[PDB]
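Read the structure below first, then the notes.
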Amino acid sequence: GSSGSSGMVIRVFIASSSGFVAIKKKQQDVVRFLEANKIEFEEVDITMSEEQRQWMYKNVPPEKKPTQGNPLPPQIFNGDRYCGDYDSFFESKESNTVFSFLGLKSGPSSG
């Protein structure tokens with residue numbers, strides 16, 4: 001059923017230049033966890049690459065939009081699937097589902 005397999009990457013969008021330091025921390029706790037969990041991911045500097053950000057703004061509903069207005073980081077994104085902002089992650093950490101929250105639990109791969 002279609003061979004091939006590159007791998008996964010929890011593309012974590014970060015805006016080095018956002019304003020709300022709080023957001024920064026969130027971005028950390030995110031990557032941090034992954035790092036501490038030896039989880040694969042990448043810090044998509046949305047700040048540096050406008051597109052990256054713009055994209056996110058296109059992959060984020062209003063019902064998910066944090067605080068108020070345009071969507072702010074962090075904005076974890078597994079491939080092209082909207083994982084969830086820090087809110088999601090955190091809401092998962094409590095259940096220790098961060099892995100599943102990102103989609104790190106569905107078929108053989110890990111090990």
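By order in the structure tokens, chains are A, B, ...; within a chain, residues start at 1; ligands start at 1, following the order shown.
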Select from chain A everything DSSP, run on the backbone, classes as helix (DSSP H, G or I), then give the selection as a VMD selection string.
chain A and resid 21 to 36 50 to 58 86 to 93 98 to 102
Please report as a tab-separated table every residue of stretch 43-89 of chain A lying within 6 Å of stretch 8-15 of chain A, along with the nearest atom pair and their distance in Å (one decimal), using only C-alpha atoms.
```
residue	atom	partner	partner_atom	distance
A:43	CA	A:12	CA	4.8
A:44	CA	A:13	CA	4.4
A:45	CA	A:14	CA	4.8
A:46	CA	A:15	CA	5.1
A:47	CA	A:15	CA	4.3
A:73	CA	A:14	CA	5.7
A:74	CA	A:14	CA	5.6
A:75	CA	A:13	CA	5.1
A:76	CA	A:12	CA	4.2
A:77	CA	A:11	CA	5.0
A:78	CA	A:10	CA	4.7
```
Could you take the residues named above and write them with N, CA and C atoms, as a CSV table (one decimal), in the first residue's frame?
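Listed below is the output, selection01.csv:
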```csv
chain,number,residue,atom,x,y,z
A,43,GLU,N,11.7,24.2,14.9
A,43,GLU,CA,11.2,25.5,15.3
A,43,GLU,C,11.0,26.4,14.0
A,44,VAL,N,9.8,26.3,13.4
A,44,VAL,CA,9.5,27.1,12.3
A,44,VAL,C,9.4,28.6,12.7
A,45,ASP,N,10.5,29.3,12.5
A,45,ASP,CA,10.6,30.7,12.9
A,45,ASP,C,9.6,31.5,11.9
A,46,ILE,N,8.4,31.6,12.4
A,46,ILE,CA,7.4,32.3,11.6
A,46,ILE,C,7.8,33.8,11.5
A,47,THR,N,8.5,34.3,12.5
A,47,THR,CA,8.9,35.7,12.6
A,47,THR,C,9.8,36.0,11.4
A,73,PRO,N,1.7,32.3,18.3
A,73,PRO,CA,2.4,31.0,18.6
A,73,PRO,C,2.4,30.8,20.1
A,74,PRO,N,2.8,29.6,20.5
A,74,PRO,CA,3.3,28.6,19.6
A,74,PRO,C,2.1,28.0,18.8
A,75,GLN,N,2.4,27.4,17.7
A,75,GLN,CA,1.4,26.8,16.8
A,75,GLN,C,2.0,25.5,16.2
A,76,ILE,N,2.1,24.5,17.1
A,76,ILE,CA,2.6,23.2,16.7
A,76,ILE,C,1.8,22.7,15.4
A,77,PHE,N,2.5,22.1,14.5
A,77,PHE,CA,2.0,21.6,13.3
A,77,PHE,C,2.7,20.4,12.8
A,78,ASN,N,2.0,19.3,12.8
A,78,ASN,CA,2.6,18.0,12.4
A,78,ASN,C,2.3,17.8,10.9
```
Let me make sure I understand: among A:27, A:19, A:3, A:33, which one has the smallest atom-to-atom distance to residue A:92 if we use only C-alpha atoms?
A:33
Could you name the residues that touch stretch 58-68 of chain A at 12 Å or less, counting only C-alpha atoms, but leaving out those on the same chain fewer than 4 positions away, as a PDB file with N, CA, C and O atoms, in the first residue's frame?
```
ATOM      1  N   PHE A  13       5.858  26.287  15.207  1.00  0.00           N
ATOM      2  CA  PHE A  13       5.986  27.663  14.758  1.00  0.00           C
ATOM      3  C   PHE A  13       6.296  28.596  15.931  1.00  0.00           C
ATOM      4  O   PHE A  13       5.610  28.567  16.951  1.00  0.00           O
ATOM      5  N   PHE A  20       4.755  39.359  23.257  1.00  0.00           N
ATOM      6  CA  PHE A  20       4.391  38.730  24.515  1.00  0.00           C
ATOM      7  C   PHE A  20       5.395  37.641  24.896  1.00  0.00           C
ATOM      8  O   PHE A  20       5.347  36.534  24.362  1.00  0.00           O
ATOM      9  N   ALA A  22       5.471  35.857  27.289  1.00  0.00           N
ATOM     10  CA  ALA A  22       4.726  34.683  27.714  1.00  0.00           C
ATOM     11  C   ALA A  22       4.697  33.662  26.576  1.00  0.00           C
ATOM     12  O   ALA A  22       4.964  32.480  26.790  1.00  0.00           O
ATOM     13  N   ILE A  23       4.374  34.155  25.389  1.00  0.00           N
ATOM     14  CA  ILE A  23       4.307  33.300  24.216  1.00  0.00           C
ATOM     15  C   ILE A  23       5.633  32.553  24.059  1.00  0.00           C
ATOM     16  O   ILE A  23       5.646  31.351  23.799  1.00  0.00           O
ATOM     17  N   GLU A  51       5.947  34.001   5.266  1.00  0.00           N
ATOM     18  CA  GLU A  51       5.110  32.944   4.724  1.00  0.00           C
ATOM     19  C   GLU A  51       4.692  31.977   5.833  1.00  0.00           C
ATOM     20  O   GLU A  51       3.504  31.802   6.095  1.00  0.00           O
ATOM     21  N   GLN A  52       5.694  31.372   6.456  1.00  0.00           N
ATOM     22  CA  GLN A  52       5.446  30.426   7.530  1.00  0.00           C
ATOM     23  C   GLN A  52       4.287  30.908   8.404  1.00  0.00           C
ATOM     24  O   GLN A  52       3.350  30.155   8.668  1.00  0.00           O
ATOM     25  N   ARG A  53       4.387  32.158   8.828  1.00  0.00           N
ATOM     26  CA  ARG A  53       3.357  32.749   9.667  1.00  0.00           C
ATOM     27  C   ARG A  53       2.029  32.816   8.910  1.00  0.00           C
ATOM     28  O   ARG A  53       1.016  32.298   9.377  1.00  0.00           O
ATOM     29  N   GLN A  54       2.077  33.459   7.752  1.00  0.00           N
ATOM     30  CA  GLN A  54       0.891  33.601   6.925  1.00  0.00           C
ATOM     31  C   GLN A  54       0.178  32.254   6.784  1.00  0.00           C
ATOM     32  O   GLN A  54      -1.041  32.175   6.926  1.00  0.00           O
ATOM     33  N   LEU A  72      -1.589  33.465  17.356  1.00  0.00           N
ATOM     34  CA  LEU A  72      -0.232  33.662  17.835  1.00  0.00           C
ATOM     35  C   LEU A  72       0.363  32.312  18.239  1.00  0.00           C
ATOM     36  O   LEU A  72      -0.371  31.363  18.512  1.00  0.00           O
ATOM     37  N   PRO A  73       1.721  32.267  18.266  1.00  0.00           N
ATOM     38  CA  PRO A  73       2.423  31.048  18.632  1.00  0.00           C
ATOM     39  C   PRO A  73       2.351  30.806  20.141  1.00  0.00           C
ATOM     40  O   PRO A  73       1.935  31.684  20.895  1.00  0.00           O
ATOM     41  N   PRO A  74       2.774  29.579  20.547  1.00  0.00           N
ATOM     42  CA  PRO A  74       3.252  28.597  19.589  1.00  0.00           C
ATOM     43  C   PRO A  74       2.089  27.977  18.813  1.00  0.00           C
ATOM     44  O   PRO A  74       0.941  28.035  19.254  1.00  0.00           O
ATOM     45  N   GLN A  75       2.424  27.398  17.669  1.00  0.00           N
ATOM     46  CA  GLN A  75       1.421  26.768  16.827  1.00  0.00           C
ATOM     47  C   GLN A  75       1.967  25.467  16.233  1.00  0.00           C
ATOM     48  O   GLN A  75       2.288  25.409  15.047  1.00  0.00           O
ATOM     49  N   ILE A  76       2.057  24.457  17.085  1.00  0.00           N
ATOM     50  CA  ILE A  76       2.560  23.162  16.660  1.00  0.00           C
ATOM     51  C   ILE A  76       1.805  22.715  15.406  1.00  0.00           C
ATOM     52  O   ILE A  76       0.598  22.923  15.295  1.00  0.00           O
ATOM     53  N   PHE A  77       2.549  22.108  14.492  1.00  0.00           N
ATOM     54  CA  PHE A  77       1.966  21.629  13.251  1.00  0.00           C
ATOM     55  C   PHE A  77       2.692  20.378  12.751  1.00  0.00           C
ATOM     56  O   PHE A  77       3.844  20.452  12.328  1.00  0.00           O
ATOM     57  N   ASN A  78       1.987  19.258  12.815  1.00  0.00           N
ATOM     58  CA  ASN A  78       2.550  17.994  12.374  1.00  0.00           C
ATOM     59  C   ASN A  78       2.340  17.845  10.865  1.00  0.00           C
ATOM     60  O   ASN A  78       1.261  17.453  10.422  1.00  0.00           O
ATOM     61  N   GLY A  79       3.387  18.166  10.120  1.00  0.00           N
ATOM     62  CA  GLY A  79       3.331  18.073   8.672  1.00  0.00           C
ATOM     63  C   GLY A  79       2.475  19.196   8.083  1.00  0.00           C
ATOM     64  O   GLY A  79       2.980  20.282   7.799  1.00  0.00           O
ATOM     65  N   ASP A  80       1.195  18.898   7.917  1.00  0.00           N
ATOM     66  CA  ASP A  80       0.265  19.869   7.368  1.00  0.00           C
ATOM     67  C   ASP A  80      -1.052  19.802   8.142  1.00  0.00           C
ATOM     68  O   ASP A  80      -2.065  20.345   7.700  1.00  0.00           O
ATOM     69  N   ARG A  81      -0.998  19.132   9.283  1.00  0.00           N
ATOM     70  CA  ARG A  81      -2.175  18.987  10.124  1.00  0.00           C
ATOM     71  C   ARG A  81      -2.060  19.887  11.356  1.00  0.00           C
ATOM     72  O   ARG A  81      -1.062  19.841  12.072  1.00  0.00           O
ATOM     73  N   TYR A  82      -3.098  20.683  11.566  1.00  0.00           N
ATOM     74  CA  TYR A  82      -3.128  21.592  12.698  1.00  0.00           C
ATOM     75  C   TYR A  82      -3.181  20.821  14.019  1.00  0.00           C
ATOM     76  O   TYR A  82      -4.222  20.275  14.380  1.00  0.00           O
ATOM     77  N   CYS A  83      -2.047  20.801  14.702  1.00  0.00           N
ATOM     78  CA  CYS A  83      -1.950  20.106  15.974  1.00  0.00           C
ATOM     79  C   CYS A  83      -2.752  20.893  17.013  1.00  0.00           C
ATOM     80  O   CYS A  83      -3.854  20.495  17.384  1.00  0.00           O
ATOM     81  N   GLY A  84      -2.165  21.996  17.453  1.00  0.00           N
ATOM     82  CA  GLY A  84      -2.810  22.843  18.443  1.00  0.00           C
ATOM     83  C   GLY A  84      -1.801  23.791  19.095  1.00  0.00           C
ATOM     84  O   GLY A  84      -0.621  23.463  19.212  1.00  0.00           O
ATOM     85  N   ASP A  85      -2.301  24.948  19.503  1.00  0.00           N
ATOM     86  CA  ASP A  85      -1.458  25.945  20.140  1.00  0.00           C
ATOM     87  C   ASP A  85      -1.033  25.440  21.520  1.00  0.00           C
ATOM     88  O   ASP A  85      -1.385  24.330  21.914  1.00  0.00           O
ATOM     89  N   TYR A  86      -0.282  26.281  22.216  1.00  0.00           N
ATOM     90  CA  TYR A  86       0.195  25.934  23.544  1.00  0.00           C
ATOM     91  C   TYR A  86      -0.947  25.410  24.418  1.00  0.00           C
ATOM     92  O   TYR A  86      -0.744  24.520  25.243  1.00  0.00           O
ATOM     93  N   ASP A  87      -2.122  25.984  24.207  1.00  0.00           N
ATOM     94  CA  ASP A  87      -3.296  25.585  24.964  1.00  0.00           C
ATOM     95  C   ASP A  87      -3.513  24.080  24.806  1.00  0.00           C
ATOM     96  O   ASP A  87      -3.671  23.365  25.795  1.00  0.00           O
ATOM     97  N   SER A  88      -3.513  23.642  23.556  1.00  0.00           N
ATOM     98  CA  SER A  88      -3.708  22.233  23.257  1.00  0.00           C
ATOM     99  C   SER A  88      -2.622  21.398  23.938  1.00  0.00           C
ATOM    100  O   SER A  88      -2.924  20.534  24.760  1.00  0.00           O
TER     101      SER A  88
END
```
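If only C-alpha atoms are the atoms counted, then among A:48, A:98, A:108, A:37 the closest residue to residue A:5 is A:108.
Looking only at stretch 39-109 of chain A, the set that DSSP places in strand (DSSP E or B) from backbone geometry is residues 41, 42, 43, 44, 45, 75, 76, 77, 78, 81, 82, 83, 84 and 85 of chain A.
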Serialized selection, C-alpha atoms, as a PDB file, in the first residue's frame:
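Below is the file that was written, out_32.pdb:
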```pdb
ATOM      1  CA  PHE A  41      10.477  18.522  15.672  1.00  0.00           C
ATOM      2  CA  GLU A  42      11.490  21.865  14.216  1.00  0.00           C
ATOM      3  CA  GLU A  43      11.171  25.491  15.255  1.00  0.00           C
ATOM      4  CA  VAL A  44       9.545  27.136  12.258  1.00  0.00           C
ATOM      5  CA  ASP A  45      10.563  30.730  12.870  1.00  0.00           C
ATOM      6  CA  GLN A  75       1.421  26.768  16.827  1.00  0.00           C
ATOM      7  CA  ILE A  76       2.560  23.162  16.660  1.00  0.00           C
ATOM      8  CA  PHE A  77       1.966  21.629  13.251  1.00  0.00           C
ATOM      9  CA  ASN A  78       2.550  17.994  12.374  1.00  0.00           C
ATOM     10  CA  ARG A  81      -2.175  18.987  10.124  1.00  0.00           C
ATOM     11  CA  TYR A  82      -3.128  21.592  12.698  1.00  0.00           C
ATOM     12  CA  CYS A  83      -1.950  20.106  15.974  1.00  0.00           C
ATOM     13  CA  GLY A  84      -2.810  22.843  18.443  1.00  0.00           C
ATOM     14  CA  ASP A  85      -1.458  25.945  20.140  1.00  0.00           C
TER      15      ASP A  85
END
```
Using Å and a single decimal, report how far atom CA of residue A:18 sits from atom CA of residue A:40.
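Separation of atom CA of residue A:40 and atom CA of residue A:18: 24.2 Å.
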With distances taken over only C-alpha atoms, which of A:16, A:71, A:21, A:34 is nearest to residue A:49?
A:16
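Atom CA of residue A:7 sits 9.9 Å away from atom CA of residue A:110.
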Could you tell me how far atom CA of residue A:102 sits from atom CA of residue A:38, in Å to one decimal place?
13.9 Å
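Of the listed residues A:70, A:31, A:101, A:2, the one whose atoms come nearest to residue A:89 is A:101, with distances taken using only C-alpha atoms.
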